[PDB]
Amino acid sequence: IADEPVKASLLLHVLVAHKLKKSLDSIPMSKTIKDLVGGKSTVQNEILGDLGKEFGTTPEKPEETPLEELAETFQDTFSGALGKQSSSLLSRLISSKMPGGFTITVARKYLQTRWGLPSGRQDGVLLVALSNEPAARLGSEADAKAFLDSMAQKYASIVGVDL
Amino acid sequence: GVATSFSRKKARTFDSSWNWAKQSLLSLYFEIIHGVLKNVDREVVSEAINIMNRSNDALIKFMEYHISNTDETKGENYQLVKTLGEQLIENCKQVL
Amino acid sequence: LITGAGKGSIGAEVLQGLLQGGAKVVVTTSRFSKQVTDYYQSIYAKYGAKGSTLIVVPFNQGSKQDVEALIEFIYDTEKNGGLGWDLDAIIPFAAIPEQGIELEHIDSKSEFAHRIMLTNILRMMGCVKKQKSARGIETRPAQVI
Amino acid sequence: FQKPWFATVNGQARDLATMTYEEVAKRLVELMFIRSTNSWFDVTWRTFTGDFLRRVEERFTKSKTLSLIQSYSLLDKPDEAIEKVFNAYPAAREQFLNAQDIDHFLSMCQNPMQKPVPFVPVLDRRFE
Amino acid sequence: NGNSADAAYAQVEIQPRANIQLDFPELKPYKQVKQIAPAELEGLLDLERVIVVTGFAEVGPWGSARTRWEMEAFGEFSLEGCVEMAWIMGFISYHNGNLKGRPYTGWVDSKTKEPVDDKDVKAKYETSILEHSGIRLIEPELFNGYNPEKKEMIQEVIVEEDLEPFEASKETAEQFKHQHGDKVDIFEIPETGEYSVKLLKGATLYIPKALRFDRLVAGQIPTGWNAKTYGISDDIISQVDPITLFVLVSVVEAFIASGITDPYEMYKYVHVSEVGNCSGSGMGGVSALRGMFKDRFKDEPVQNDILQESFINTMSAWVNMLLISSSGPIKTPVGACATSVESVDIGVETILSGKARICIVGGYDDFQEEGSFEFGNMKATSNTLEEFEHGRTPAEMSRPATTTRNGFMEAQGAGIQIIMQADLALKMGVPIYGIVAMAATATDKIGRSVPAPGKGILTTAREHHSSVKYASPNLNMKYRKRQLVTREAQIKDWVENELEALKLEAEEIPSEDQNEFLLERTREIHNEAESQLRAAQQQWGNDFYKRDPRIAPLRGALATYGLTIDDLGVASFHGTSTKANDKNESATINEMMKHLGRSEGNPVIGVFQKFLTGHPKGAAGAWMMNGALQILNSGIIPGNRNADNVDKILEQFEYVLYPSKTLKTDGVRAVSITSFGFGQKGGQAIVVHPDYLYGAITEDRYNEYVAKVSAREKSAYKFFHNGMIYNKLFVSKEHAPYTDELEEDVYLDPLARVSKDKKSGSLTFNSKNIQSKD
């Protein structure tokens, strides 16, 4: 299947989901950063700090604006670029969970062989895999194949593509 | 059936009667007061035996004090315990 | 020393007497556990007269290896880890119930019983004798009931 | 209105949670027992007040006992039934409804095989 | 005669439902309480300077105070116990609604969602309850999979031959290079952009192994205890250390047991700046330490602010952020195993200095792998393998004042009291569970052993005996009452003379400004007339023995209320189950009683509560304080059931008794609580039966109080059952009782008090009631 660069509205949504230790669906897209984490202003400035390293430039008071219209403001300067933060978190995810014999390389070409998904699809599948970290060293390769399969189906659901 | 059950480290000792006497008198005293034991209970004689058998100086001082400080005017049960005590004190001093 | 004196047996009521009389007892239990020691603890609090000592040990009279050990533990010195005692009376009331076992059903269970109630009783007397002879004791004979 | 606020004690407003078991049992009789005809207006309202007394027994007994109101026939003299039950469990004179017993009361208030109770026990979505 | 003659012959049974009572103190009619106190006590004590314990709670290996008391004093749960413990342990959950069609209300099983009658709880669960409560085998689940039989530790090796190359990210490979230097080789794979790492011969490497550790048993909070069950949200659970949950749940439970369901109701009577948090710990959030120290080292995912959650005083903070929103004193002490006792003493002083009128005092300390190991290396914890060789089941491994005691069973949890000024307690009509007669701490002497128990606390019985020819009239309360009457006469004269003087000054004042001037000065004269009466009452009632060396602080405290030294019925020993401590305690008590001149044959009855609960370290003294209060109110002294054979060495201590079974007394008048922490932390605290207090107030005051408590006990009981069924005992305040704007106005005004806002319904500060003339 044809590649498509991932959208800022997925990268900023997975980032907030991960940092707030929450599920991807439990985040309402139209709600201010300062509303999600209102009490603990520390995790608020950690969101800001990650978004800064992710997409460089940030507007004035991104905390009073819902994530919805903050995703389209960030979309202007971003073009399929994972960035250092998200790359670092994906590297973190694989090393800790995926078992010996399942590194990014072979996980990328597993996404290419099983599903046909190229780079711009693969790096979106690895993002929803990070959104729902298994929190347990993957027992075996087979289990991890079912893990990626299931989080390629969630990638197919969120984008709207058939496999 | 022929498993080794015995071990020397599993041996339990009970020897500290000196304490137990004072507890076993204090259980009587408050049972008499709360009228769990009456003046027609063979338990009152049983207990009196089991205390006497553990008479010493400290136990006689522990009775003398508790019985002497009983307020006979608080109830009937207090007059009962104060009589019984006084007698049981005289017993323990004899069989010491 | 008295064996087969668990709660609600004749042994139990003997033990209550011996402790009431200021005796130094070793009672052996074949079902040793928290509940059992706590029961024996209560018995000694209530009844246990001055001078009286109670020693509750786990024991399986049906083993010779336990029967020789027990007596070795009672008689051996307080330095070695024994009681440093010398038995004046043995009451080996240990037994196990056998019911509706006529001649033809004599099996493992019956054989074992006989070994608790006769053979290992003999080995207990036997063992005491050996300990008394060994320590040069001839004017302190252990009443067996 | 014809259906008054049920949690009223002598004419001050309350809630089912701030009324004693006594208060509630008296207020039931008052709203459901007609003095003039010396009868329960509806046998299902008697059954109601009989369940409530059986619930008071259950809450304030210590061990399993017989029911003081063997048959709900005994309720035909309600003042004698209440006096009798609250004499047996006099701690239920001075103790507000156990949160569970409030919910049980409001649950009886929606029994579909009984006459709709002549009060409003609670302000919630089923107020209307 | 048909089945109709036999259905009318059949009788309806009634099955008992749990009715879990809060167990407030039983208030006697004024005539009866006036007999037990001496008649001369009325208006003798300043009630501002009297500290009362007005509500207590704990989270311990037996659940709440109520279940732990049940198991301590009766050795079994009643219906009400079994339900509460089943509800705590998340075996049962309440359910109102429809279940398989028909509408059901009452308990259900938490798993199956089967309806469960109350009668059937004891059959169904009381096995599992008692099987996963109290001292038992360390359950890994409860402690992040820690299994003391297989304890992980990593060992360095110097690799003797190069490794297979393994892929890693660039930043990861970079950090491998910076660590290992030339001993590693990192080579970028072109196409992927990931590196290949290869550790070379001479490079460090760390291999996990296991150690079989020997302390396998602990006093654990019941399996299935869960902070959500009280009504703490997941956000709080995720953020804070588990200890912070214990405290929070103990504090809301204490408040409920004080009748105060809404903490802001305190601020109807006191300024925000008088509600103290004088409650401490031993090692605070050790779970959060173990995070920053060891989980960070392995580079595990750990919250960025795990430092803040590990500090001793963070727990006091979270309580004050979520529940109290005060600006009262916050004195967090650290006293190893006697913290709880230090926290009372600080509190007591924090109210007697006037800086506060209510402290939350008590202790709290978690149990974790790091701890349990270090205590085993120190050899203070009892070696569980040795116990198993002695045929000790886990239950019976904590056995204080016993011959065969070897060391203490460690435990976890929290205990919290709420202490107040008696005056303020009567004014709010909260229940009074005890009087804090004294609290003190001491250090022992020079010495080169930190964990050494020592006889410093002896100095609570310090007094002079070289001049005891004649009775000191300063103890003769009647004399003291006379001297207080002598003073209040002078006070009378002083108030008249000041009212004259005022009138004289106010005559020269112009007539328009006369009213204002008189009001302002009439307040200040009322103030000074109070201040002088309370100063007298404090001089004669309370502080009569502070400047007299012929009266001991221990004698002094009792003598305040007319009690002799003989009245101290019960001493609640620390009683850790360790060979040095239990002997050192007993000797100390015994020597205090002997010096002061306790009558021969009148021993103190020893309570060794730790035989059941085990040793929660910081919180030990807060559980003994709860075990006291409930004794003082039940007259029931629980036996140390693990005292199988009292140690022959303790026979020499004439004024100490060692009960092995519950003694149901006719009364207990006072209770000692002694603790000896690590590092010469020695504490003592004397609690007296609250009834003595009522001797010091008039019939009308007493009866007004009784009414207000009776109301506040019903309203508590309602709130407790509504919170328990729907898991909403905990309700964190969303906002302070003042808007952000008024903060400044609320803090500055001494007389700012919260009033019900009709719109909201909740208690808030009103701008009308700040710097208000009225």
# chains A, B, ... in the order shown; residues from 1 in each chain; ligands from 1

call {"tool": "closest_atom_pairs", "arguments": {"of": "chain E", "to": "chain B", "cutoff": "9 Å", "atoms": "only C-alpha atoms", "output": "JSON lines"}}
result
{"residue": "E:388", "atom": "CA", "partner": "B:10", "partner_atom": "CA", "distance": 8.9}
{"residue": "E:389", "atom": "CA", "partner": "B:9", "partner_atom": "CA", "distance": 6.4}
{"residue": "E:390", "atom": "CA", "partner": "B:10", "partner_atom": "CA", "distance": 4.4}
{"residue": "E:391", "atom": "CA", "partner": "B:10", "partner_atom": "CA", "distance": 5.2}
{"residue": "E:392", "atom": "CA", "partner": "B:10", "partner_atom": "CA", "distance": 8.2}
{"residue": "E:403", "atom": "CA", "partner": "B:13", "partner_atom": "CA", "distance": 8.8}
{"residue": "E:599", "atom": "CA", "partner": "B:65", "partner_atom": "CA", "distance": 7.9}
{"residue": "E:600", "atom": "CA", "partner": "B:61", "partner_atom": "CA", "distance": 6.5}
{"residue": "E:601", "atom": "CA", "partner": "B:62", "partner_atom": "CA", "distance": 3.7}
{"residue": "E:602", "atom": "CA", "partner": "B:62", "partner_atom": "CA", "distance": 6.2}
{"residue": "E:603", "atom": "CA", "partner": "B:62", "partner_atom": "CA", "distance": 7.9}
{"residue": "E:644", "atom": "CA", "partner": "B:14", "partner_atom": "CA", "distance": 7.1}
{"residue": "E:645", "atom": "CA", "partner": "B:14", "partner_atom": "CA", "distance": 5.3}
{"residue": "E:646", "atom": "CA", "partner": "B:16", "partner_atom": "CA", "distance": 5.8}
{"residue": "E:647", "atom": "CA", "partner": "B:16", "partner_atom": "CA", "distance": 7.3}
{"residue": "E:648", "atom": "CA", "partner": "B:16", "partner_atom": "CA", "distance": 6.5}
{"residue": "E:651", "atom": "CA", "partner": "B:19", "partner_atom": "CA", "distance": 7.5}
{"residue": "E:654", "atom": "CA", "partner": "B:58", "partner_atom": "CA", "distance": 7.5}
{"residue": "E:657", "atom": "CA", "partner": "B:19", "partner_atom": "CA", "distance": 6.7}
{"residue": "E:658", "atom": "CA", "partner": "B:19", "partner_atom": "CA", "distance": 6.6}
{"residue": "E:659", "atom": "CA", "partner": "B:23", "partner_atom": "CA", "distance": 5.8}
{"residue": "E:660", "atom": "CA", "partner": "B:23", "partner_atom": "CA", "distance": 7.9}
{"residue": "E:661", "atom": "CA", "partner": "B:23", "partner_atom": "CA", "distance": 8.4}
{"residue": "E:662", "atom": "CA", "partner": "B:27", "partner_atom": "CA", "distance": 8.8}
{"residue": "E:663", "atom": "CA", "partner": "B:27", "partner_atom": "CA", "distance": 6.2}
{"residue": "E:664", "atom": "CA", "partner": "B:30", "partner_atom": "CA", "distance": 6.9}
{"residue": "E:665", "atom": "CA", "partner": "B:30", "partner_atom": "CA", "distance": 6.0}
{"residue": "E:666", "atom": "CA", "partner": "B:30", "partner_atom": "CA", "distance": 7.1}

call {"tool": "residues_around", "arguments": {"residues": "residue 559 (chain E)", "least_positions_apart": "3", "cutoff": "12 Å", "atoms": "only C-alpha atoms", "output": "MDAnalysis selection string"}}
result
chainID E and resid 37:38 41 45 437:438 474:477 480 540:545 551:556 562:568 670 688 692

call {"tool": "write_last_selection", "arguments": {"atoms": "N, CA, C and O atoms", "output": "short mmCIF file (atom, residue, chain, number, x, y, z; two decimals), in the first residue's frame"}}
result
data_model
loop_
_atom_site.label_atom_id
_atom_site.label_comp_id
_atom_site.auth_asym_id
_atom_site.auth_seq_id
_atom_site.Cartn_x
_atom_site.Cartn_y
_atom_site.Cartn_z
N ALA E 37 -14.85 11.99 89.92
CA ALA E 37 -13.89 13.10 90.10
C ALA E 37 -14.12 13.69 91.49
O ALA E 37 -15.22 13.61 92.02
N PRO E 38 -13.10 14.28 92.13
CA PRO E 38 -13.33 15.01 93.37
C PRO E 38 -14.14 16.28 93.07
O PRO E 38 -13.93 16.86 92.02
N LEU E 41 -12.70 19.87 91.86
CA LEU E 41 -12.10 19.99 90.50
C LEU E 41 -12.89 21.00 89.66
O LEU E 41 -12.32 21.48 88.67
N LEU E 45 -9.40 23.56 86.62
CA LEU E 45 -8.52 23.39 85.44
C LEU E 45 -8.86 24.44 84.40
O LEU E 45 -10.05 24.61 84.08
N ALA E 437 -2.60 13.52 79.57
CA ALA E 437 -2.20 14.05 80.89
C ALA E 437 -0.77 14.58 80.79
O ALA E 437 -0.54 15.72 81.26
N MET E 438 0.13 13.78 80.22
CA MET E 438 1.52 14.21 79.89
C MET E 438 1.96 13.52 78.61
O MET E 438 1.38 12.47 78.27
N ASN E 474 0.87 21.56 98.42
CA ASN E 474 0.75 21.85 96.96
C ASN E 474 0.09 20.69 96.18
O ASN E 474 -0.36 20.96 95.05
N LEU E 475 0.07 19.46 96.71
CA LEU E 475 -0.70 18.29 96.16
C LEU E 475 -2.15 18.30 96.70
O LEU E 475 -3.05 17.80 95.98
N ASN E 476 -2.36 18.79 97.93
CA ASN E 476 -3.69 18.86 98.60
C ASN E 476 -4.59 19.79 97.79
O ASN E 476 -4.53 21.01 98.00
N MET E 477 -5.40 19.22 96.89
CA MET E 477 -6.15 19.98 95.86
C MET E 477 -7.00 21.07 96.53
O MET E 477 -7.01 22.19 96.00
N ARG E 480 -5.17 24.11 96.99
CA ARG E 480 -5.06 24.73 95.64
C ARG E 480 -6.38 25.43 95.29
O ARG E 480 -6.32 26.58 94.80
N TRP E 540 -2.74 27.06 89.37
CA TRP E 540 -3.23 26.19 90.48
C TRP E 540 -3.79 24.86 89.95
O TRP E 540 -3.44 23.81 90.50
N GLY E 541 -4.61 24.90 88.90
CA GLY E 541 -5.20 23.69 88.30
C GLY E 541 -4.17 22.78 87.65
O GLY E 541 -4.12 21.61 88.04
N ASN E 542 -3.36 23.33 86.74
CA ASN E 542 -2.59 22.59 85.71
C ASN E 542 -1.08 22.56 86.01
O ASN E 542 -0.52 21.44 86.05
N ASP E 543 -0.46 23.74 86.17
CA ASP E 543 1.02 23.94 86.24
C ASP E 543 1.49 24.12 87.70
O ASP E 543 2.53 24.79 87.94
N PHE E 544 0.79 23.50 88.65
CA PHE E 544 1.06 23.63 90.10
C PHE E 544 2.41 23.02 90.46
O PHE E 544 3.00 23.47 91.45
N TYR E 545 2.90 22.06 89.67
CA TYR E 545 4.10 21.24 89.98
C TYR E 545 5.27 21.51 89.03
O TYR E 545 6.29 20.82 89.18
N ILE E 551 7.53 16.95 93.26
CA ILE E 551 6.45 16.30 92.46
C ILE E 551 7.03 15.92 91.09
O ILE E 551 7.61 16.82 90.42
N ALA E 552 6.89 14.65 90.71
CA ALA E 552 7.34 14.14 89.39
C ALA E 552 6.33 14.52 88.32
O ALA E 552 5.13 14.52 88.58
N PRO E 553 6.78 14.82 87.09
CA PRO E 553 5.87 15.03 85.98
C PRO E 553 4.83 13.93 85.78
O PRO E 553 3.75 14.27 85.33
N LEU E 554 5.16 12.67 86.10
CA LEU E 554 4.23 11.51 86.02
C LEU E 554 3.18 11.59 87.14
O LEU E 554 1.98 11.40 86.85
N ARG E 555 3.61 11.88 88.38
CA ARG E 555 2.72 12.14 89.54
C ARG E 555 1.91 13.41 89.29
O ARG E 555 0.72 13.40 89.57
N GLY E 556 2.58 14.46 88.82
CA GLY E 556 1.98 15.78 88.52
C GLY E 556 0.76 15.64 87.63
O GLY E 556 -0.32 16.10 88.02
N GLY E 562 -6.81 14.71 90.53
CA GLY E 562 -7.11 14.09 91.84
C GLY E 562 -6.64 12.65 91.94
O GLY E 562 -6.67 12.10 93.05
N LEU E 563 -6.16 12.07 90.84
CA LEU E 563 -5.68 10.67 90.79
C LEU E 563 -4.35 10.53 91.52
O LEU E 563 -3.46 11.41 91.34
N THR E 564 -4.20 9.43 92.26
CA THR E 564 -2.94 9.02 92.93
C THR E 564 -2.06 8.30 91.90
O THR E 564 -2.51 8.13 90.74
N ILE E 565 -0.86 7.90 92.30
CA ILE E 565 0.10 7.17 91.42
C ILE E 565 -0.38 5.72 91.23
O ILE E 565 -0.02 5.12 90.21
N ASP E 566 -1.15 5.20 92.19
CA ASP E 566 -1.76 3.84 92.18
C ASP E 566 -2.79 3.71 91.05
O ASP E 566 -2.99 2.58 90.58
N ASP E 567 -3.41 4.81 90.61
CA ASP E 567 -4.54 4.77 89.65
C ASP E 567 -4.08 4.33 88.25
O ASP E 567 -4.90 3.69 87.57
N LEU E 568 -2.82 4.58 87.86
CA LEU E 568 -2.25 4.21 86.53
C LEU E 568 -2.39 2.69 86.30
O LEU E 568 -1.37 1.99 86.39
N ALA E 670 -6.21 5.35 84.03
CA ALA E 670 -5.09 5.95 83.27
C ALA E 670 -4.31 4.86 82.55
O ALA E 670 -4.39 3.72 83.00
N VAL E 688 -5.64 9.55 80.33
CA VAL E 688 -6.59 9.41 81.47
C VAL E 688 -8.01 9.38 80.91
O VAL E 688 -8.31 10.12 79.94
N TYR E 692 -13.04 12.07 83.87
CA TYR E 692 -12.41 13.00 84.84
C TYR E 692 -12.65 14.42 84.36
O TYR E 692 -13.03 15.23 85.21
#

call {"tool": "select_by_dssp", "arguments": {"residues": "chain D", "states": "strand (DSSP E or B)", "output": "list in words"}}
result
residues 5, 8, 9, 12, 13, 20, 33, 34, 39, 40, 65, 66, 96 and 120 of chain D

call {"tool": "residues_around", "arguments": {"residues": "region 72-74 of chain A", "least_positions_apart": "6", "cutoff": "9 Å", "atoms": "only C-alpha atoms", "output": "ChimeraX atom specification"}}
result
/A:8-9,12,55,57-59

call {"tool": "write_last_selection", "arguments": {"atoms": "N, CA and C atoms", "output": "PDB file, in the first residue's frame"}}
result
ATOM      1  N   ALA A   8       0.409  15.669  12.663  1.00  0.00           N
ATOM      2  CA  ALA A   8       0.702  16.310  13.970  1.00  0.00           C
ATOM      3  C   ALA A   8      -0.383  15.947  14.992  1.00  0.00           C
ATOM      4  N   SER A   9      -1.643  15.870  14.546  1.00  0.00           N
ATOM      5  CA  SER A   9      -2.841  15.522  15.361  1.00  0.00           C
ATOM      6  C   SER A   9      -2.784  14.082  15.905  1.00  0.00           C
ATOM      7  N   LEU A  12       1.112  14.725  18.623  1.00  0.00           N
ATOM      8  CA  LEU A  12       0.839  15.537  19.845  1.00  0.00           C
ATOM      9  C   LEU A  12      -0.145  14.789  20.751  1.00  0.00           C
ATOM     10  N   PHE A  55       8.693  19.473  17.906  1.00  0.00           N
ATOM     11  CA  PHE A  55       8.362  20.326  16.728  1.00  0.00           C
ATOM     12  C   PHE A  55       9.018  21.714  16.833  1.00  0.00           C
ATOM     13  N   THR A  57       9.511  25.115  17.340  1.00  0.00           N
ATOM     14  CA  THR A  57       8.726  26.348  17.632  1.00  0.00           C
ATOM     15  C   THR A  57       7.404  25.972  18.312  1.00  0.00           C
ATOM     16  N   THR A  58       7.000  26.772  19.306  1.00  0.00           N
ATOM     17  CA  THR A  58       5.721  26.666  20.059  1.00  0.00           C
ATOM     18  C   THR A  58       5.074  28.055  20.124  1.00  0.00           C
ATOM     19  N   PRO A  59       3.736  28.201  19.921  1.00  0.00           N
ATOM     20  CA  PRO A  59       3.062  29.498  20.056  1.00  0.00           C
ATOM     21  C   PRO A  59       3.097  30.090  21.476  1.00  0.00           C
TER      22      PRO A  59
END

call {"tool": "closest_atom_pairs", "arguments": {"of": "chain D", "to": "chain E", "cutoff": "12 Å", "atoms": "only C-alpha atoms", "output": "Markdown table"}}
result
| residue | atom | partner | partner_atom | distance |
| --- | --- | --- | --- | --- |
| D:15 | CA | E:718 | CA | 11.4 |
| D:16 | CA | E:718 | CA | 10.5 |
| D:17 | CA | E:718 | CA | 6.7 |
| D:18 | CA | E:718 | CA | 7.6 |
| D:19 | CA | E:714 | CA | 10.0 |
| D:20 | CA | E:714 | CA | 9.4 |
| D:51 | CA | E:14 | CA | 11.4 |
| D:53 | CA | E:14 | CA | 10.9 |
| D:54 | CA | E:14 | CA | 7.4 |
| D:55 | CA | E:14 | CA | 8.7 |
| D:56 | CA | E:17 | CA | 9.7 |
| D:57 | CA | E:14 | CA | 6.9 |
| D:58 | CA | E:16 | CA | 4.8 |
| D:59 | CA | E:17 | CA | 4.9 |
| D:60 | CA | E:16 | CA | 7.3 |
| D:61 | CA | E:16 | CA | 5.5 |
| D:62 | CA | E:16 | CA | 5.9 |
| D:63 | CA | E:16 | CA | 5.9 |
| D:64 | CA | E:15 | CA | 5.0 |
| D:65 | CA | E:14 | CA | 5.5 |
| D:66 | CA | E:13 | CA | 4.4 |
| D:67 | CA | E:13 | CA | 5.6 |
| D:68 | CA | E:12 | CA | 8.9 |
| D:69 | CA | E:12 | CA | 8.6 |
| D:70 | CA | E:12 | CA | 6.1 |
| D:71 | CA | E:12 | CA | 8.6 |
| D:72 | CA | E:12 | CA | 11.3 |
| D:91 | CA | E:19 | CA | 11.1 |
| D:92 | CA | E:19 | CA | 11.0 |
| D:93 | CA | E:714 | CA | 11.6 |
| D:94 | CA | E:714 | CA | 8.1 |
| D:95 | CA | E:714 | CA | 6.4 |
| D:96 | CA | E:714 | CA | 6.4 |
| D:97 | CA | E:718 | CA | 7.3 |
| D:98 | CA | E:721 | CA | 6.3 |
| D:99 | CA | E:722 | CA | 5.2 |
| D:100 | CA | E:106 | CA | 6.4 |
| D:101 | CA | E:105 | CA | 8.7 |
| D:102 | CA | E:722 | CA | 9.8 |
| D:103 | CA | E:105 | CA | 6.9 |
| D:104 | CA | E:105 | CA | 6.1 |
| D:105 | CA | E:105 | CA | 9.9 |
| D:106 | CA | E:105 | CA | 10.2 |
| D:107 | CA | E:103 | CA | 7.5 |
| D:108 | CA | E:103 | CA | 9.4 |
| D:109 | CA | E:103 | CA | 11.7 |
| D:110 | CA | E:103 | CA | 9.6 |
| D:111 | CA | E:103 | CA | 9.0 |
| D:112 | CA | E:103 | CA | 11.0 |

call {"tool": "select_by_dssp", "arguments": {"residues": "region 30-91 of chain A", "states": "alpha helix (DSSP H)", "output": "PyMOL selection string"}}
result
chain A and resi 33-36+41-55+67-75+83-91

call {"tool": "residues_around", "arguments": {"residues": "residue 53 (chain B)", "least_positions_apart": "5", "cutoff": "12 Å", "atoms": "only C-alpha atoms", "output": "JSON, numbers by chain"}}
result
{"B": [17, 18, 20, 21, 24, 25, 46, 47, 48, 59, 88, 91, 92, 93, 94, 95, 96], "C": [17, 19, 20, 21, 22, 23, 46, 47, 48, 49, 50, 51, 52]}

call {"tool": "interface_residues", "arguments": {"of": "chain C", "to": "chain B", "cutoff": "6 Å", "atoms": "only C-alpha atoms", "output": "list in words"}}
result
residues 45, 47, 49, 50, 53, 54, 55, 56, 57, 58, 59, 60, 62, 63 and 66 of chain C

call {"tool": "residues_around", "arguments": {"residues": "residue 36 (chain A)", "least_positions_apart": "3", "cutoff": "12 Å", "atoms": "only C-alpha atoms", "output": "PyMOL selection string"}}
result
(chain A and resi 16-17+19-22+26-33+39-41+43-44+47+63-67) or (chain E and resi 235)

call {"tool": "closest_residue", "arguments": {"among": "E:479, E:166, E:375, E:293", "to": "chain A", "atoms": "only C-alpha atoms"}}
result
E:166

call {"tool": "residues_around", "arguments": {"residues": "region 85-96 of chain C", "least_positions_apart": "6", "cutoff": "6 Å", "atoms": "only C-alpha atoms", "output": "ChimeraX atom specification"}}
result
/C:1-4,74-75,117,142-145

call {"tool": "write_last_selection", "arguments": {"atoms": "C-alpha atoms", "output": "short mmCIF file (atom, residue, chain, number, x, y, z; two decimals), in the first residue's frame"}}
result
data_model
loop_
_atom_site.label_atom_id
_atom_site.label_comp_id
_atom_site.auth_asym_id
_atom_site.auth_seq_id
_atom_site.Cartn_x
_atom_site.Cartn_y
_atom_site.Cartn_z
CA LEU C 1 6.77 -38.19 80.84
CA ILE C 2 3.20 -38.86 79.54
CA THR C 3 2.23 -39.54 75.87
CA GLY C 4 -1.32 -39.53 74.33
CA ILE C 74 15.11 -35.39 78.32
CA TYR C 75 18.16 -37.08 79.97
CA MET C 117 0.84 -49.21 71.75
CA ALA C 142 10.82 -44.68 86.88
CA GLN C 143 7.25 -45.77 87.73
CA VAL C 144 5.72 -47.02 84.43
CA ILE C 145 1.86 -46.91 84.41
#

call {"tool": "residues_around", "arguments": {"residues": "region 108-115 of chain A", "least_positions_apart": "6", "cutoff": "10 Å", "atoms": "only C-alpha atoms", "output": "compact mmCIF listing (two decimals) with N, CA, C and O atoms, in the first residue's frame"}}
result
# COMPACT_ATOMS: atom_id res chain seq x y z
N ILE A 1 0.87 -1.23 0.00
CA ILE A 1 0.00 0.00 0.00
C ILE A 1 0.89 1.25 0.00
O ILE A 1 2.02 1.18 0.53
N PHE A 102 14.02 -9.19 18.20
CA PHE A 102 13.00 -8.32 17.64
C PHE A 102 13.38 -6.86 17.83
O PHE A 102 12.84 -6.18 18.69
N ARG A 121 3.76 5.00 7.21
CA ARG A 121 2.74 4.16 7.89
C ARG A 121 3.38 3.45 9.09
O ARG A 121 2.77 3.49 10.17
N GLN A 122 4.56 2.85 8.89
CA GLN A 122 5.32 2.10 9.93
C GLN A 122 5.50 2.97 11.18
O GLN A 122 5.14 2.50 12.27
N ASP A 123 5.98 4.21 11.01
CA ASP A 123 6.33 5.15 12.12
C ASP A 123 5.06 5.65 12.82
O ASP A 123 5.20 6.15 13.94
N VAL A 125 2.40 3.33 13.09
CA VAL A 125 2.07 2.05 13.78
C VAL A 125 2.90 1.94 15.07
O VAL A 125 2.35 1.48 16.09
N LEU A 126 4.19 2.29 15.00
CA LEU A 126 5.10 2.28 16.17
C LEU A 126 4.66 3.37 17.17
O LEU A 126 4.91 3.16 18.37
N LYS A 145 4.52 -10.39 17.56
CA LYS A 145 3.93 -10.30 16.20
C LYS A 145 2.43 -10.00 16.32
O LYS A 145 1.97 -9.09 15.60
N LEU A 148 2.07 -6.28 17.44
CA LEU A 148 2.24 -5.32 16.32
C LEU A 148 1.02 -5.42 15.40
O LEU A 148 0.50 -4.36 15.01
N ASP A 149 0.60 -6.66 15.08
CA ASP A 149 -0.61 -6.96 14.27
C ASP A 149 -1.79 -6.17 14.84
O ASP A 149 -2.38 -5.37 14.08
N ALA A 152 -1.34 -2.46 14.49
CA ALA A 152 -1.47 -2.08 13.06
C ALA A 152 -2.96 -1.97 12.69
O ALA A 152 -3.29 -1.12 11.84
N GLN A 153 -3.82 -2.81 13.30
CA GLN A 153 -5.30 -2.76 13.13
C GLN A 153 -5.85 -1.47 13.76
O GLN A 153 -6.79 -0.90 13.17
N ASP A 162 -7.67 -0.27 4.83
CA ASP A 162 -7.94 -1.75 4.84
C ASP A 162 -6.62 -2.51 4.69
O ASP A 162 -5.72 -2.01 3.98
N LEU A 163 -6.54 -3.70 5.30
CA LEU A 163 -5.34 -4.58 5.34
C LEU A 163 -5.72 -6.03 5.01
O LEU A 163 -6.78 -6.40 4.47
N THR E 192 19.47 1.67 7.89
CA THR E 192 18.53 1.75 9.03
C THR E 192 18.72 3.10 9.73
O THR E 192 17.71 3.81 9.91
